[PDB]
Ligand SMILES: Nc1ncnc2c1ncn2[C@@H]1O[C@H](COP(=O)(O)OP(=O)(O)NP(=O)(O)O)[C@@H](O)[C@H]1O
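The data below hold one chain only, encoded as structure tokens and taken in the form deposited without the named molecule.
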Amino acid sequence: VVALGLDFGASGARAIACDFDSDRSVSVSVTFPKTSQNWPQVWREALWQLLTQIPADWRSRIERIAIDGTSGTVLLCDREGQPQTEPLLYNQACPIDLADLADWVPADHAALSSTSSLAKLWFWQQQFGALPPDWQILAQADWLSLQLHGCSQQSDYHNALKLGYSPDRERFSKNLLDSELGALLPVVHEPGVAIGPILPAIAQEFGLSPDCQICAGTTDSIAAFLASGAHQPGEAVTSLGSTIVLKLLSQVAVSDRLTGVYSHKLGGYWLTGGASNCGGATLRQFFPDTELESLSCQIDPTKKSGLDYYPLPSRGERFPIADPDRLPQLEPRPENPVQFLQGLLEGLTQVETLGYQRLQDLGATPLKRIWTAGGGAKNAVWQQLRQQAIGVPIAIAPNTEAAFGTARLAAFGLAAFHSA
């Protein structure tokens, strides 16, 4: 089976066509601008650009397609899926009262956030005054897949979560559906399942098989986890990037609105996680990468530095423990740059350690092993510190590209996420 993964991220889009019986693939890219008067046009043209750059052989052989997008990026469209106003991007917050959403979702549901799809739909509602029932709100991944299969008001329970969906009960609340916003809500499927065949005109134009299936997509954050291949509960993917992002697979859904912790449904399992303000950005504040490496070579993890740092890049922390007033803790600062670096890596290690423990304290399945992604994943000293402090096998994630995880999503769905 040959599947195509389309990933639309923060500043670009990547396509990965993958042949899974050959384990061979091709990857193409499109880079977004940093400003547009028409982001829908930018995204749609990116879609055709990605498809075009794929060789004719692969395109003829593609049987399934899936698309992941940025979580919280939504479009207000009419009956035909035509943008009626500018998209509200993932980073944009809305000046609405979250108390106006209380009757549509449970106590501290993930949708209760000024940046959620639901909050943006309510913002649009109070903007236009009254939204027509034949209109629809679409996530980025939704709208793009709509360009492929032509079926309107279709989404997945990953993107739809922050729209107010409850994947624990597999439904929107009856009060939300009965509401004035109800007619704009999409039909929610499981990521990976076939929505419908590709549009005949689209298939013919781009030399794709007319029998190719367009699946239900995901978020790019979840696609990244799917790229690792981890499917057993207790397994976790750690992203050692600018910020440390933890993703833990569990048999139980856990949530903590205080620390921004919530859970996505993933087949029969649950994907929980948390994001710290700490990360490699703190490291770059004192070292360039080259110097960072030359100094890491001289660090022996088997001996404590005596330093107890909390490596925030600035004031404020959100996970594992929430404290907006917490300041970075980088004292005492030794004269030896090597040992100061060790203190930093030890602090970042503690963040990850306390992060996974916090997740387990909330009820998540105990950590079995860790797959690592991001820039710090290649840092073996950092890996040793993480390993000896956490106590589980830690390795580098085989694949990390979101488009590849989405290609796997197209090829196999979420089938691996069940009891064997």
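Numbering starts at 1 and follows the sequence shown.
- According to the PDB record, 316 to 324 carries the higher mean C-alpha B-factor of the two stretches 316 to 324 and 218 to 226.
- Taking the PDB entry as given, 325 to 333 carries the higher mean Cα B factor of the two stretches 138 to 146 and 325 to 333.
- Of the candidates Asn175, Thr243, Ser152, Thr272, the PDB record gives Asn175 the highest C-alpha temperature factor.
- Residues shown: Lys303, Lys162, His189, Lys265. Highest C-alpha temperature factor in the entry: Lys303.
- In the PDB entry, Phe32 places in the highest third of its chain by CA B-factor.
- Ranked against the other modelled residues of its chain, the C-alpha B-factor of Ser117 as given in the entry falls in the middle third.
- Among the modelled residues of the chain, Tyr157 sits in the lowest third by CA temperature factor in this PDB entry.
- The deposited CA B-factor of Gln41 belongs to the highest third of values across its chain.
- Remark: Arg171 belongs to the middle third of its chain, ranked by C-alpha B-factor as recorded.
The same protein has a further form, the form deposited with the named molecule bound, not shown here; the description that follows concerns it.
- Contact annotation for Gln251: none of its heavy atoms lies within 4.5 Å of the named molecule in the deposited bound form.
- In the deposited bound form, no heavy atom of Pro301 sits within 4.5 Å of the named molecule.
- The named molecule in the deposited bound form is not approached by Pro233, whose heavy atoms all lie more than 4.5 angstroms from it.
- In the deposited bound form, the named molecule stays beyond 4.5 Å of every heavy atom belonging to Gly363.
- For the marked spot (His109, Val261 and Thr272), a heavy atom within 4.5 Å of the named molecule in the deposited bound form is absent from each of the three residues.
- Screening 352 to 360, 378 to 386, 39 to 47, 56 to 64 for residues having heavy atoms within 4.5 Å of the named molecule in the deposited bound form returns a single hit, 378 to 386.
- Only one of the listed residues (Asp325, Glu170, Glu293, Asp97) places a non-hydrogen atom within 4.5 angstroms of the named molecule in the deposited bound form, and that residue is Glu293.
- Just one of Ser239, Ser116, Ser145, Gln342 comes within 4.5 Å of the named molecule in the deposited bound form, counting any heavy atom, and that one is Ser239.
- Of the residues in 282 to 310, those that come within 4.5 Å of the named molecule in the deposited bound form through at least one heavy atom are, in sequence order, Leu283, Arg284, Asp289, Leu292, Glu293.
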